[PDB]
RNA sequence: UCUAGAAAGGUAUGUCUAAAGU
RNA sequence: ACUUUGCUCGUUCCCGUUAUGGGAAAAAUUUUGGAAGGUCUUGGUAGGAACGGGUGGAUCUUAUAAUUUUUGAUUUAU
RNA sequence: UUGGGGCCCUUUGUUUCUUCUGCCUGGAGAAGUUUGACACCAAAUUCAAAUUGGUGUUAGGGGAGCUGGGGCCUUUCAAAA
RNA sequence: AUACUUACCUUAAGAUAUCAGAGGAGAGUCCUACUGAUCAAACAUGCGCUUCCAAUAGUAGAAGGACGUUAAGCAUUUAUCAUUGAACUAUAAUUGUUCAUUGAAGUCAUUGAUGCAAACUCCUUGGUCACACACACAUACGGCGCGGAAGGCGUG
Ligand SMILES: [Zn+2]
Ligand SMILES: [Zn+2]
Ligand SMILES: [Zn+2]
């Protein structure tokens, strides 16, 4: 349908280091390969913190989208174009 | 601080909200986007919590002081299933008159941009 | 539909197989790299100074700093300050771009060298470098350069180059 | 009738959606709440948080959220062998329906 | 019938929203969203002590009630008093209506009446 | 559809004798040619016979242990043979189009003038003019440089690398038509 | 029984052809 | 309520007369609504009006109370 | 036009609307203000030079004209006592 | 810039405030630069409306931080189990106790972690405005200077 600024921003951060905390307590942090429309993400070369603290390492992971609590994208995407309020799209096809 | 009575979440962009969540945590950050599912995008948020140890100090019976864990998170997006309430904390960096001036200036620049793009593609 | 905000071009019905092929398009990558270089350049280049809150100076401060002395202030012409600012901007960029890399040049013959410093045989980031090499679906992209590749394998041993001085070395 | 029950809900049209909702209230499982709204019998609702309430139903909805009147909440609490019974009287009340378990109709 | 269109008609009325946690919110109601996202102006958040000596309150809701930030500190009971809270819709258990309102004019569904009359 | 339970309902309802015209036996054997080319630019429309998964896994059971029905094979071979011979006609048309470019009139008179210009040191002058005519034929090739993909019939080129060819050869058209050619080779070996 | 004419584009891709001196 | 005949009190003016009547204004004044102008004070000043869209974005309604957000497995309890 | 005094010059790229000239024994001179002008980032053609693609800047204060609104006053008109 | 090749793909429906009246078009719908009332938005314009806006007659001060130091601060509390051997209190999967083998997996930290209190240093923010260096007040206090920020209420 329409997605709006947060899920579209998550699609703007494909390729860069993100840090996300699931709803079970874990914290995964790696390069985000493919996100999807339902905030269903993959992550490559991640550093996986278990809830009681034991950090391990694992090559790829596919979290369910429904379990995410937040996703911490890089800082420069503050200046992303989708946050521009007055936009002038040229013409439909 | 005083917020206008008829001010929904669409109108509080660039305020500094204080979003409560399902776990006692609180994300004090500047709002800049939201959605139908109410999953915000906080700019400079600081995820706080009250620990399991100092939670006895809040139990009902000078003042009370609680030591919270400020944990800085830069440009989070939240998941809207978790949110519980939002409370405004601080007003923006700009005024209202200054935001009016800057919004007219941005719209003027966008219309000049589309004018030049159209007259360049016709040439 | 979809609209590439950076690209400024619309697209037909937003299917992930069309959208993902746009997002690794070479022209979209040039437009996005220009956008983010310019936005980082704008937030570096923007000198926003604090607003000035001038208080009325007291008497004894006025006697002391009226009886110190007056200092000459130096200022330059327009072409001088323009040339100086071009020099300062290129010096800040080469400090930001450079990096000390002498531990790589200095272990160049050591026994386990290909397993650590090669950067393609590393066990942590080993698969990523091969994975992100890119398709190069352009024949002339490989047909441009006519030098050697010098791929140092991981299987190399201690036996080759037994004496490092005799194979001609370079001084640091 | 059969034509609206048998088909999927995305193939109906708008008049058939409203007809299906009227059919689901008048001949269905929520006809218990509808009969208690008309016939003024008190209902006993067991909410999910172990509060039982007793009231009359002024209106209901497809989600089972309902506007009550003369609400008498009744819950029990304990910590170990100490146990009391509590009661709270609320005059008019809107119950968000995702917490209900078993609407009952008093004989 | 959709019963949230009843809640949209209550404007500028004091309600007492029970949340799913146990904490109750008491303030001037405002524009209610179609998914029942209530906005309250002058709230008096509180969390009821269980009124048995040995028993516990909600821990999560207690830490949440402090971390709204506006808890009036020196008081005894968990009462926080702030302005403009924005309660998300799926967390409200029941809403204690004011007593003075006339249900027999509020509960008339305009769209249902239109759909029964025009068909 | 819009809600995912609707699409899931669609799938389970299409999951829940076995002869007659109602069931596309060509899909039942496997890879209906009106199914493999649904969305592409060689689209035939819709498959006329309906396709259904309960029948297909019953056929999987039947050819796993029960039996094989060779009427299904001869129907599939008829549909496969008519499509493959039709696209053999179309690749003949494509190389005819290359020929018709190659025997274009003004280009033939230009190469005829350069080949009259081709007419020991006589052999050295003739070889220099013939290498100029070879470069004229190659200039006509540099206008095109087209070969024909022998399976699908679409154009290709050799100046292009292996990777853009690998971009072509994993197509919907080319994989579908490779599957058609492979079942045709299998059935023509097996029937003969 | 109540008169069937399917699109025409978008993005991605390589190659050709070409336009430049001091 | 209209209508006439005389008495009395009475806003203002005239007359028979300064007792008191006759006639006129059915007035002087106060309030509301409109036009003109005085002065004070605040704002704008290069784009605006009408129409046309197989035009973009917002908001609402319905699919949508069935695994991915909003009709509940976070008051930790048996 | 000149002379004196006070305050500021962090205006740090010495007024930050742009370009050129220019300054602490000074606060200055010219040119320009949106189918445009200017600053900068990127690249390939093997210095620059050139084009193509992007991001921005185009300001603040005062005065005459016209105009939107508010308050008070005066004149007139219609209505109520 | 132009041209050709190949890949991928071709759109959920409806609406734009409500109520009520009058009029009209073959019981309901639709319309009215129709009419009233209600709601909403913008723009103006107002209130003795409410809150807030930092010394120079001095080296100060308020709100917020420090992912700053003293600081290994002061006080507490933790650091894997098994199979066996030698001894061994002992319901356990010899638990308890010293030493060893073998075996599972095994975030780092013990200058840590949790509790408590103070001192010092450093950031960011604003009218550092105008007039004045003064004898006020029970109806408690001329809120009777120019502004600016935020909210309340009313009108056009
Ligand atoms: Zn693009
Ligand atoms: Zn078929
Ligand atoms: Zn092919």
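Protein chains in written order, with the numbering used here: chain W, 7 to 99; chain B, 185 to 307; chain P, 421 to 592; chain V, 355 to 461; chain Y, 39 to 157; chain S, 227 to 418. For every residue, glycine included, the Cβ atom is placed at its ideal position computed from N, Cα and C.
Contact check, residue i vs residue j, beta carbons under 7 angstroms
{"i": "residue 213 of chain B", "j": "residue 232 of chain B", "result": "no"}
{"i": "residue 215 of chain B", "j": "residue 199 of chain B", "result": "yes"}
{"i": "residue 260 of chain B", "j": "residue 204 of chain B", "result": "no"}
{"i": "residue 555 of chain P", "j": "residue 384 of chain S", "result": "no"}
{"i": "residue 436 of chain V", "j": "residue 41 of chain Y", "result": "no"}
{"i": "residue 119 of chain Y", "j": "residue 92 of chain Y", "result": "no"}
Distance between residue j and residue i (C-alpha atoms, nearest Å)
{"i": "residue 466 of chain P", "j": "residue 145 of chain Y", "result": "59 angstroms"}
{"i": "residue 460 of chain V", "j": "residue 388 of chain V", "result": "14 angstroms"}
{"i": "residue 343 of chain S", "j": "residue 350 of chain S", "result": "14 angstroms"}
{"i": "residue 413 of chain S", "j": "residue 442 of chain P", "result": "42 angstroms"}
{"i": "residue 378 of chain V", "j": "residue 426 of chain V", "result": "29 angstroms"}
{"i": "residue 65 of chain Y", "j": "residue 153 of chain Y", "result": "35 angstroms"}
{"i": "residue 268 of chain B", "j": "residue 79 of chain Y", "result": "16 angstroms"}
{"i": "residue 208 of chain B", "j": "residue 60 of chain W", "result": "23 angstroms"}
{"i": "residue 34 of chain W", "j": "residue 97 of chain Y", "result": "27 angstroms"}
{"i": "residue 392 of chain V", "j": "residue 411 of chain V", "result": "9 angstroms"}
{"i": "residue 308 of chain B", "j": "residue 43 of chain Y", "result": "Shown here, chain B extends from 185 to 307; a query on residue 308 of chain B therefore has no answer."}
{"i": "residue 266 of chain B", "j": "residue 72 of chain Y", "result": "19 angstroms"}
{"i": "residue 47 of chain W", "j": "residue 233 of chain S", "result": "22 angstroms"}
{"i": "residue 511 of chain P", "j": "residue 267 of chain S", "result": "56 angstroms"}
{"i": "residue 258 of chain B", "j": "residue 45 of chain W", "result": "19 angstroms"}
Proximal residues of chain W, C-beta to C-beta of residue i below 7 angstroms
{"i": "residue 303 of chain B", "result": "Those within 7 angstroms of residue 303 of chain B in chain W number zero; the least Cβ separation is about 12 angstroms."}
{"i": "residue 428 of chain P", "result": "96"}
Listed by chain order, chain V residues near residue i by CB distance under 9 angstroms
{"i": "residue 137 of chain Y", "result": "445 and 446"}
{"i": "residue 100 of chain Y", "result": "Residues of chain V passing the Cβ test: none, with the nearest at roughly 17 angstroms."}
Contact list for residue i against chain P, beta-carbon separation under 8 angstroms
{"i": "residue 419 of chain S", "result": "Past the boundaries of the shown model lies residue 419 of chain S; chain S is included only from 227 to 418, so the question cannot be answered."}
Residue-level contact to chain V via CB, residue i, 7 angstroms cutoff
{"i": "residue 392 of chain S", "result": "no"}
{"i": "residue 156 of chain Y", "result": "no"}
CB contact below 7 angstroms: residue i versus chain W
{"i": "residue 533 of chain P", "result": "no"}
{"i": "residue 422 of chain P", "result": "no"}
{"i": "residue 550 of chain P", "result": "no"}
{"i": "residue 500 of chain P", "result": "no"}
{"i": "residue 459 of chain P", "result": "yes"}
{"i": "residue 281 of chain B", "result": "no"}
{"i": "residue 228 of chain B", "result": "no"}
Partners in chain S for residue i, counting only beta-carbon separations shorter than 8 angstroms
{"i": "residue 362 of chain V", "result": "232 and 235"}
Residues that residue i contacts on chain S, provided the C-beta gap is smaller than 9 angstroms
{"i": "residue 559 of chain P", "result": "385, 386, 387, 388, 389 and 390"}
Any C-beta of chain B under 7 angstroms from that of residue i
{"i": "residue 126 of chain Y", "result": "yes"}
{"i": "residue 80 of chain Y", "result": "no"}
{"i": "residue 12 of chain W", "result": "yes"}
Partner residues on chain Y for residue i, Cβ-Cβ distance less than 7 angstroms
{"i": "residue 232 of chain B", "result": "105"}
Contact set between residue i and chain P, taken where Cβ atoms lie within less than 9 angstroms
{"i": "residue 51 of chain W", "result": "544, 545, 547 and 548"}
Test: residue i CB closer than 7 angstroms to a CB of chain P
{"i": "residue 88 of chain W", "result": "yes"}
{"i": "residue 9 of chain W", "result": "no"}
{"i": "residue 80 of chain W", "result": "no"}
Below-7 angstroms beta-carbon distance, residue i vs any chain S residue
{"i": "residue 555 of chain P", "result": "yes"}
Listed by chain order, chain B residues near residue i by CB distance under 8 angstroms
{"i": "residue 120 of chain Y", "result": "271"}
Chain Y within 7 angstroms of residue i, Cβ atoms only
{"i": "residue 197 of chain B", "result": "no"}
Whole runs of the beta strand (DSSP E) within the region 377 to 424 of chain V, excluding any shorter than 3 residues: Entirely contained in the region 377 to 424 of chain V, the beta strand (DSSP E) runs reaching 3 residues are, in chain order, 397 to 401 and 405 to 413.
Residue ranges of each alpha helix (DSSP H) within the region 492 to 558 of chain P, 4 or longer: Runs found: 498 to 517, 522 to 526 and 546 to 551.
Residue ranges of each alpha helix (DSSP H) within the region 322 to 378 of chain S, 4 or longer: Complete alpha helix (DSSP H) runs here, min 4: 331 to 342 and 347 to 370.
3-residue-minimum beta strand (DSSP E) runs that sit fully inside the region 93 to 139 of chain Y, ordered along the chain: Fully enclosed beta strand (DSSP E) runs of 3 or longer: 117 to 125 and 130 to 134.
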